């Protein structure tokens, strides 16, 4: 399965240069956009963490966590571990680590993966009053051998484009890296304008 992705990443993300590095972000963001399209997510936050890792936070319903009959595994695990708005498992495969938190039905469901492999079964780790999905990943320098450094302006440009194409969505981009902290928030108004 995902071993194939780690060995031929060019066939899945087009490039292992800076372009591929940024493509990982869009693969995750696209899933949050799908949940805004379904009518449930209102806001998406994209964060470049101080270590060039990425966090994407949405306030949708939360990825389904129940056991699927076909797999015997929680739906959320399958999302990240089986090759398939279908790119989550590719991002997982090409990351040193990825962690997902699903906020749903008063609970926070957590799972983590290392170079695509599951660490432990999905576990409830906290109670919560919110809903949505948070995905955090560290792109693998074994794959991204040219650069693992993110371009804030490049991300911001596309985030703004996404806000426009998805009029009504709130979407932000934040840089938390040393000496260059910045945040831009975008929102195009609907009929209330």
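Numbering follows the first chain given and starts at 1.
Of the other compared PDB entries of this protein that include residues on both sides, all give residue 101 atoms, none of them, and so not a third, leaving it without. The records show that residue 115 is included in the coordinate set of every other eligible entry of this protein, so it is not omitted in a third of them. Counting the unmodelled positions of the deposited sequence between residue 114 and residue 115 gives zero.
Looking at 97-105 and 70-78 together, the entry lists the larger mean B-factor for 70-78, computed on C-alpha atoms. The mean Cα B-factor in the deposited entry runs higher for 60-68 than for the other of 129-137 and 60-68. In this PDB entry, the Cα temperature factor of residue 147 sits in the middle third of its chain's modelled residues. Among all modelled residues in this chain, the alpha-carbon of residue 34 has a temperature factor (C-alpha) in the middle third. Placement of the Cα temperature factor of residue 92 within the chain: lowest third of the modelled residues, per the deposited record. Sorting the modelled residues of the chain by their CA temperature factor places residue 167 in the lowest third. In the PDB entry, a CA B factor belonging to the middle third of its chain's modelled residues is recorded for residue 122.
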